[PDB]
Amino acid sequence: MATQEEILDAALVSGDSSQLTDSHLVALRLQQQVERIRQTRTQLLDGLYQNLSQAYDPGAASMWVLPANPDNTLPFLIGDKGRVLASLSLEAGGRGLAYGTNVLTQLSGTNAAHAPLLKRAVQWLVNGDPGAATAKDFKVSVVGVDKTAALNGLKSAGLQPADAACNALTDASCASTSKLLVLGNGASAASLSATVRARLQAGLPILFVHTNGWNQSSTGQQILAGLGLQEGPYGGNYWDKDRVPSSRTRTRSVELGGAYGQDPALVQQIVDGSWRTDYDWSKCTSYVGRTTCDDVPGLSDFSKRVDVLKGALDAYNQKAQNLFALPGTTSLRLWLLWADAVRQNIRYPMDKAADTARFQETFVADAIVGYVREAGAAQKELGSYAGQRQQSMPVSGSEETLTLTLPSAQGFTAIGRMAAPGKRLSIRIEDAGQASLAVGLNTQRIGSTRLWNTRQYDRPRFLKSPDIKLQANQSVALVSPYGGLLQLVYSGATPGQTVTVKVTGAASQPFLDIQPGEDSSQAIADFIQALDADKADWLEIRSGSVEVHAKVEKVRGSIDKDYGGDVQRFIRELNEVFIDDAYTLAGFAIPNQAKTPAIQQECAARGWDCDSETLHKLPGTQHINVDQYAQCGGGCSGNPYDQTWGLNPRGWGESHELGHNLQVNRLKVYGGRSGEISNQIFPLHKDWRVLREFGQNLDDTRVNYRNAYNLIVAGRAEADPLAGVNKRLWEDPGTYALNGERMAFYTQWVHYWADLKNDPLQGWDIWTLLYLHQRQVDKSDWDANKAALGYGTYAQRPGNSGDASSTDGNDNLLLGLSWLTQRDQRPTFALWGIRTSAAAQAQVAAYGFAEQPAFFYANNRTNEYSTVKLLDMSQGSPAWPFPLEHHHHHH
């Protein structure tokens, strides 16, 4: 029925791009509109400038003042370095001008040359025409900046203003009689932004001067917002000292101001299809399978122009502003609808050489997504991100209420619902306390769109939305073209607080929400049933301080591969063998889980606090993304950390990487030298557990006892035996240097503790105890607790350096280990080439323990401790006591 022309016109009002498919049509309209704006700008600027001097130097002590909506705001003065030093506003049908410094008191000094242009700008403010004289004694209200100095400035520019002698900012009758309001940052008013806007809308011209030099100003920001302008970033003009030179021409300033925050060349390119056919892709590089193209000539400049558009639209997304409910946003509306229209046409996969036109146009459209609206369109093809299930997910007509717990002060947490593609969702938050909140969609890192890899432009570049700010008790309506996992983004929260999320129009992905310390068997059954229905492409799991955001087919693949399709057993292992294993090893205070009897008892014997939230609360969330692609490689560090293989509760990588989140500097030998070592206790512990509890032998050659021994025996023969071992074991700075040999130091203490306790099952408690000890060392009141912690001799809390040249880690390890074992461990530290400070050595001497003579635990397997052998290193070095497993040695 309706033509595309008709669909476009209605879409411009409503934001409803559902039926809009002709991108070329929208693009012609955008071209006309961008040309309207350039014509309107250039006539205004040309009228302002004429052949007057363009010289304007605001100095280092000044601020940049930027436009926002390109249809109604624009630069006035752009320096040679491209910084906007003053801007013009026609917002709300008004007239305003804003400068980054108080130019009015410089019109007889540094900026005498600017005075004639300033007079034309005032004529434009007062009369709407830069060549129309002001009346003699025209009434000017000056508020928030020195009145006499401002009025004298205007006089020295050849104007004849008279003091209005009333306040046109705060008094609406004064406004109606006044010809101009001049504002500075000393102003007082109720609802300053709205008040400025009201005056502007009513037809009072406004001239703002920034009065705080290179300092930012909240009052300044609020005035600018009322004008529809933007305070520049921190530091102002302090570094660049940008200025407009005397040599600047009318033509050039008209061109720069007409072009600012506009891209007619891009719009033409779109309209004509003139996408670049000859990028030199040979200049792309690849790194562990990911191709990037930063050095392809021309490409960065193009990508940065597309970033401008993305940044301009995302500024509205972030503040929860609906462009279609804001008057005079036509250019931006047209960009948004153009990109929605492209999205009806996208087809995957694309390749950077084979499909230059579709690839480049998509590259642009993907950058332009308006989330805050009452209606919109789904992208037709979701490629490697999702498919028909995501597209068809049902949504709730009624409002659902969700209670979320924030585990730390800052981060994000899964809400447990999705936006469905093209479907309006409404959301709000209540009972936030002092937490600052936003909503976001999806968790993908941008490297997981592999668009520069051959034929892998197969999903949107920006699956994760901007963070959309929320206010207590105010609803926001969203439509996403992709659908997505809703996240609650938070800062300034109180660990353990809750937030109430009310949402209407959301879909319900399979979501497993383990309730801390409560029975979960119903939640699991409900999750399994949701998976069985197979109505989603994405699922989430929240289990303790871990949240998993996962493509269903990837998780299904892991369950099918390693669990024979048994979703229950997979979940149990994920919760227990993976997650709980790690958090319990690190000794955190886990709801409704007591410490084991041996840990309980040792904590009482040491008289320690091993249970308070104050000291041992669970840390903030570690997120895991499971997807077809990762930020880097086939999996990548971070938070979230990314992986593409699935999700393996028994995996080495999963626990190694979780282990990074749980590292602490005071348990690292030589700082960064243990940056890939001290986290290894997590996967090692898990493998020890897996071999015992399941009979499966994983990664059984990780701990290189044999070569650690070789290096120790060779090193200790040197004149300085500690330095000799240090050189051989800890000196190499390579990321995974001597990884297996350094790990063997960490396990020494496990075998020692098992022997000391006379219980082969207790060995790993030493690491849980050191963790407990360290968090007290880190946060307990020093004078009151140092004796219990074995730090009696220290006037102050030790340092927390992670540097390889620091002894902070070595020292605390030496003290914790000596104190817990109740033996002086200096001789085994020396054996391993590990130096400690004089302070720490004195503390160990203070304990008055018997030395533990140097010792070394040797094994020819990592996971099976029953064969470990204890070597006395105190008088010499015995021969390595093992053959190699399943090996034929030389006769």
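Note that residue numbering begins at 1 and tracks the sequence as displayed.
The mean C-alpha temperature factor is higher for 16-24 when 16-24 and 869-877 are set side by side. Higher mean CA temperature factor between 747-755 and 282-290: 282-290, per the PDB entry. The PDB entry assigns its highest CA temperature factor, among 357, 88, 567, 104, to 357.
Among 813, 703, 501, 766, the highest C-alpha B-factor in the deposited entry belongs to 501. Among the modelled residues of its chain, residue 81 has a C-alpha B-factor that falls in the middle third, as given in the PDB entry. In the deposited entry, the Cα temperature factor of residue 534 places it in the highest third of its chain's modelled residues.
Residue 239: CA B factor lies in the highest third for its chain, per the PDB record. Annotation for residue 861: C-alpha temperature factor in the lowest third relative to the rest of the modelled chain, per the entry. For residue 890, the recorded CA temperature factor ranks within the highest third of the chain's modelled residues.
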